Each structure stands twice: as structure tokens, then as C-alpha cells.
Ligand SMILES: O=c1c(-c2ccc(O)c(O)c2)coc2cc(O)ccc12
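Read the single chain below, which is given as C-alpha cells and is the form deposited without the ligand.
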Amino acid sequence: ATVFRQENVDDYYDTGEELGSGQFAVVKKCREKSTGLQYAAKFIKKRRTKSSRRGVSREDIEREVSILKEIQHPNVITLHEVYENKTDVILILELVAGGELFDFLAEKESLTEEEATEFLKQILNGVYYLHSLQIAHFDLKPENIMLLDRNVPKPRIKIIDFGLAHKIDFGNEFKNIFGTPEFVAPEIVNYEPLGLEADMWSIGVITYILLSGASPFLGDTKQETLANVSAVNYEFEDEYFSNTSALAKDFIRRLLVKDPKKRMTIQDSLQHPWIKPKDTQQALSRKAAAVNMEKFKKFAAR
């Protein structure tokens, strides 16, 4: 294992209100005393004993930290420092204060597909960076797509929450069942080999929702959702996709593909004509098409 900083974090930071909390983690805003700069402190509860289920394993904490330490990119969250005490490992992280992307978009009166792709492209750039380092995020979904500051002319997207991320090992297949059913790829559902492709599936799902306000595979039970995912049971129902471009639907179709090897890669998604129009005709079609804002607002409010 790694020996993280052993000092009391309170000696170096002033901490305040909770910004969020998961099953084994609490996040608090904090201010570094030496610099006066604000960060987010994520307190992760250690398992401490192997037989206990009330915390995170050291293997899992070290994996997340090791991945965070490697990554430096404008569209992914930055790790500042790591502390630990008898009960917690404490990640001092870049503060992302602009809330979830979808909540910010939902406040708009309208959104063209052109404007939508400007935000989506930032997600793609962050994932392009990760995949270039052979890092799979494995938990891409709207609540992990944040804004650094929502009150600037061109808000910057930050991908957060690397708690499921893995460096892909060439010499050994990784198989695991994890994540949120609505957003995971068929190979996750079916305990099949996992790689960078699973993230691309998730991007397809995020894009589908962004444009329509509907979730492609969400069923009435967890089991039904997983069945929909495995069967790639989705539709572009006219109630939701009436003013969606052919290009946008093709983009999504090339991502929501059962066979990971046939799924569009991140490099190819960046060259797809919906993202990178090849002529004026394609450009105008994208600018003309619009997000179903009425339906989308209801999604963000769910």
C-alpha cells in the first residue's frame, strides 16, 4: 500500500458544509490555510477489517488514488493531496462548484443540437484523454458530469468520481458487475470482458438523454432495465425525437451497439459528422435541430 499524509487535515484546512455524500464517502468544502484556496475534501471510510462491509477496501481506495494522481486535463477533476487517519482516507480534490451539467442546461429556454454538442464535445475531450492513457472511467452518467463554474460565458465541464475507474491491463481480462443499470454497457450486465468500450456505450446513453429527456433502457424494475440493456432494446420514439437530426441519431446508434468491438471508439466519435460536420449541409441540419427542452427539463427534475 501507499503511505498517505499522516497529519490531521484540520491543521492544514478549514472545512465547512457538506457538498455531497455517498454510501462510504462524505464531501465537504474546504480552504487551504497556506494559500487561501478552496478545495473539496472527500472523506472515504476505510473497511479496516476484511470481513466488514461498512467501508471501502484499501485496494479500491488505492486504485482510485493512483488513477487520480496520473490525470491532468481541463475536463477531468484534479487531485491536490491525500491524507489518512485511523478511519478515513481523505482526498483533497479540485472544487467543482457549478453543479451537474444537466441541471444547468435545464435552466435554458432552448438548446440547439449545435449548442448541445459544444458541451458534449467537452465530455468527449475528457474521455479521449482518459482512453489515451488506457483509463476506463466505468461510471459515466449525468451526475458525474459537472461544471467548474456555472456563472461564466462558456462553462467548463469536469468529469468526476473515479471510484470505479480502472487502468486497462493488456495481459488480463477484467470482468465485474457494478455501476448504475440505466447507464452500464451489456458487457457489464453480462459479466463479459470489459475495456474502454463500456465508456462509449455510456456516452451514447448520456447523449440520448441530452437530446430527448428520455432514458433509452430504463425499465420498471432493475431487472427489466438490465434486460433492456442486454438486448439493446431502445427506440427513437417520435414523442421525444421529433426534431432530432439524422446525424444525431446515427451518432447514438453507433454507440449503442452490443458488440464492443463494433462500437464507435472515442477517436472515431470525435470525427463523426454530428460532432465534426464535413459540409455546410450537415452543419445547418445540426443547428436547425433542437433538444426536446420540455421533456429534458422533466428529466433533470426527476
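Numbers follow the displayed sequence, beginning with 1. In this text, rigid core is short for the largest set of C-alphas that superpose within 1.5 Å between two forms.
Of the other structures of this protein that model both sides of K141, every one gives it coordinates; not a third omit it. Note: missing coordinates for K108 occur in a third or more of the other compared entries bracketing this position. When the two stretches 242-250 and 27-35 are set side by side, the higher mean Cα temperature factor goes to 242-250. Between 178-186 and 125-133, it is 178-186 that carries the larger average Cα temperature factor according to the deposited entry. Within the listed group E115, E84, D199, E94, the record reports its top CA B-factor for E115. Per the deposited record, the Cα B-factor of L148 falls in the middle third when ranked against the other modelled residues of its chain. In the deposited entry, the Cα temperature factor of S57 sits in the middle third of values across the chain's modelled residues. Sort the modelled residues of the chain by CA B factor and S110 lands in the highest third. Ranked within its chain, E237 lands in the highest third, by CA B factor from the PDB record. Sort the chain's modelled residues by C-alpha temperature factor and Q72 lands in the lowest third, per the entry.
One more form of this protein should be noted, the form deposited with the ligand bound, which is absent from this view; the next part is about it.
The stretch among 201-209, 166-174, 114-122, 89-97 whose residues place heavy atoms within 4.5 Å of the ligand in the deposited bound form is 89-97. The candidate site formed by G22, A40 and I77 is fully in contact with the ligand in the deposited bound form, as each residue has a non-hydrogen atom within 4.5 angstroms of it. Proximity to the ligand in the deposited bound form, taken as a non-hydrogen atom within 4.5 angstroms, holds for one residue of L247, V27, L256, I266, which is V27. Out of the listed residues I188, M146, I135, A214, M146 is the one that sits within 4.5 Å of the ligand in the deposited bound form by at least one heavy atom. The ligand in the deposited bound form comes within 4.5 Å of no heavy atom belonging to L196. At a distance threshold of 4.5 angstroms between non-hydrogen atoms, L105 is out of contact with the ligand in the deposited bound form.
By the criterion of a heavy atom within 4.5 Å, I160 is counted among the residues contacting the ligand in the deposited bound form. Taking 2 Å as the criterion, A231 does not count as shifted between the shown form and the other one: its C-alpha moves by less than this amount when the rigid core is aligned. The two forms, fitted on the rigid core, differ between the shown form and the other one by less than 2 Å at the CA of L133.
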